[PDB]
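Source file: start10.txt; contents: compact mmCIF, C-alpha atoms.
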# COMPACT_ATOMS: atom_id res chain seq x y z
CA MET A 287 -3.76 -19.89 23.03
CA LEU A 288 -4.60 -16.75 21.04
CA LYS A 289 -8.14 -16.81 22.42
CA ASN A 290 -7.04 -18.27 25.78
CA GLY A 291 -4.80 -15.30 26.61
CA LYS A 292 -2.03 -17.51 28.04
CA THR A 293 1.00 -15.45 27.05
CA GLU A 294 3.49 -17.96 28.49
CA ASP A 295 2.48 -20.67 26.01
CA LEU A 296 2.47 -18.19 23.12
CA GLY A 297 5.98 -17.13 24.11
CA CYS A 298 7.22 -20.71 24.34
CA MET A 299 5.85 -21.57 20.90
CA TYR A 300 7.26 -18.29 19.56
CA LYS A 301 10.72 -19.21 20.84
CA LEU A 302 10.38 -22.68 19.35
CA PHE A 303 9.22 -21.35 15.95
CA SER A 304 11.79 -18.54 15.77
CA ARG A 305 14.60 -20.91 14.78
CA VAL A 306 12.86 -22.52 11.80
CA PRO A 307 12.73 -20.06 8.87
CA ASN A 308 9.26 -18.58 8.30
CA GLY A 309 7.83 -20.52 11.21
CA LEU A 310 7.51 -17.02 12.62
CA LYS A 311 5.73 -16.35 9.33
CA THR A 312 3.37 -19.24 10.12
CA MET A 313 2.57 -17.55 13.43
CA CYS A 314 2.32 -14.18 11.67
CA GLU A 315 -0.21 -15.61 9.23
CA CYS A 316 -2.20 -17.04 12.15
CA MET A 317 -2.08 -13.60 13.79
CA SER A 318 -3.26 -12.04 10.53
CA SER A 319 -6.14 -14.51 10.33
CA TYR A 320 -7.23 -13.92 13.93
CA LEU A 321 -6.94 -10.13 13.81
CA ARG A 322 -8.52 -9.78 10.37
CA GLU A 323 -11.43 -12.01 11.39
CA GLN A 324 -12.09 -10.12 14.62
CA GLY A 325 -11.65 -6.69 13.03
CA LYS A 326 -13.90 -7.54 10.09
CA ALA A 327 -16.51 -8.77 12.56
CA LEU A 328 -16.23 -5.54 14.57
CA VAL A 329 -16.28 -3.09 11.65
CA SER A 330 -19.21 -4.88 10.01
CA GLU A 331 -22.16 -3.32 11.84
CA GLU A 332 -24.40 -5.99 13.35
CA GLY A 333 -28.05 -5.77 14.32
CA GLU A 334 -29.61 -2.30 14.30
CA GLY A 335 -26.50 -0.48 15.54
CA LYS A 336 -23.14 -1.16 17.16
CA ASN A 337 -21.95 0.28 20.45
CA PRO A 338 -18.72 2.33 20.48
CA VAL A 339 -17.11 -0.27 22.76
CA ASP A 340 -17.09 -2.69 19.80
CA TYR A 341 -17.07 -0.74 16.51
CA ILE A 342 -16.43 3.00 16.87
CA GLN A 343 -13.49 2.64 19.26
CA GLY A 344 -13.46 -1.08 20.03
CA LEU A 345 -11.19 -1.43 17.00
CA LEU A 346 -8.45 0.54 18.77
CA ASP A 347 -8.91 -1.56 21.91
CA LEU A 348 -8.63 -4.75 19.85
CA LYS A 349 -5.48 -3.39 18.22
CA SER A 350 -4.08 -2.95 21.73
CA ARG A 351 -5.28 -6.46 22.61
CA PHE A 352 -3.27 -7.94 19.74
CA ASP A 353 -0.39 -5.62 20.62
CA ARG A 354 -0.39 -7.49 23.93
CA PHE A 355 0.33 -10.70 22.01
CA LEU A 356 2.97 -8.86 19.97
CA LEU A 357 4.91 -7.53 22.97
CA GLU A 358 4.50 -10.23 25.61
CA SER A 359 4.54 -13.27 23.31
CA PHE A 360 6.12 -12.18 20.00
CA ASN A 361 9.13 -10.22 21.31
CA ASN A 362 7.89 -7.03 19.58
CA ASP A 363 9.18 -8.70 16.43
CA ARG A 364 9.19 -6.77 13.18
CA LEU A 365 7.11 -9.37 11.31
CA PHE A 366 4.39 -9.73 13.95
CA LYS A 367 4.06 -6.00 14.63
CA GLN A 368 4.01 -5.36 10.88
CA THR A 369 1.23 -7.91 10.39
CA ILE A 370 -0.92 -6.55 13.21
CA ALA A 371 -0.37 -2.98 11.99
CA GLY A 372 -1.39 -4.11 8.52
CA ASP A 373 -4.60 -5.62 9.85
CA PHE A 374 -5.11 -2.36 11.74
CA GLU A 375 -4.83 -0.43 8.48
CA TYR A 376 -7.09 -2.78 6.51
CA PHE A 377 -10.04 -2.75 8.92
CA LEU A 378 -9.45 0.82 10.14
CA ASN A 379 -9.62 2.39 6.68
CA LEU A 380 -13.27 1.31 6.91
CA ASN A 381 -13.71 3.16 10.23

Give the structure from the file, written as structure tokens.
Amino acid sequence: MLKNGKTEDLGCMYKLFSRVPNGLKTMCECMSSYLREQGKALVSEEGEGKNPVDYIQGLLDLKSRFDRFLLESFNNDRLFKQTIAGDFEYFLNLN
């Protein structure tokens, strides 16, 4: 559902995992995995040059893309927004 873009299902599973302690942390770790993977792929220049849409400024767009998951599906929660902002920092310090 993170690659599907279905925010309804992400919200339902967020509301189910909120009650259990650190189930939200399970989702936050999955978010960290997804965002770190995609950002590391983007920052790592591929081929003979990377277009701005992917590397130079595609990183900001991807940060907004995962912000979409944060707001719509993860309630703007402190843990999820913190994790995505951390991934932002990690693979933006290289940009």

Expressed in Å to a single decimal, how great is the separation between CA of residue 349 in chain A and CA of residue 374 in chain A?
6.6 Å

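Here CA of residue 313 in chain A and CA of residue 327 in chain A stand 21.0 Å from one another.
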
CA of residue 346 in chain A to CA of residue 293 in chain A: how many Å, to one decimal?
20.3 Å

For residue 329 in chain A: contacts at 7 Å, all atoms listed in the file, fewer than 6 positions along chain excluded, given as a PDB file with C-alpha atoms, in the frame of the given file:
ATOM      1  CA  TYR A 341     -17.070  -0.740  16.510  1.00  0.00           C
ATOM      2  CA  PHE A 377     -10.040  -2.750   8.920  1.00  0.00           C
ATOM      3  CA  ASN A 381     -13.710   3.160  10.230  1.00  0.00           C
TER       4      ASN A 381
END

Restricting the calculation to only C-alpha atoms, which member of A:300, A:378, A:312, A:332 is positioned closest to residue 362 in chain A?
A:300

If we count all atoms listed in the file, what is near residue 304 in chain A at a cut-off of 12 Å, once residues fewer than 5 positions away on the same chain are taken out, given as a PyMOL selection string?
chain A and resi 296-299+309-314+359-361+363+365-366
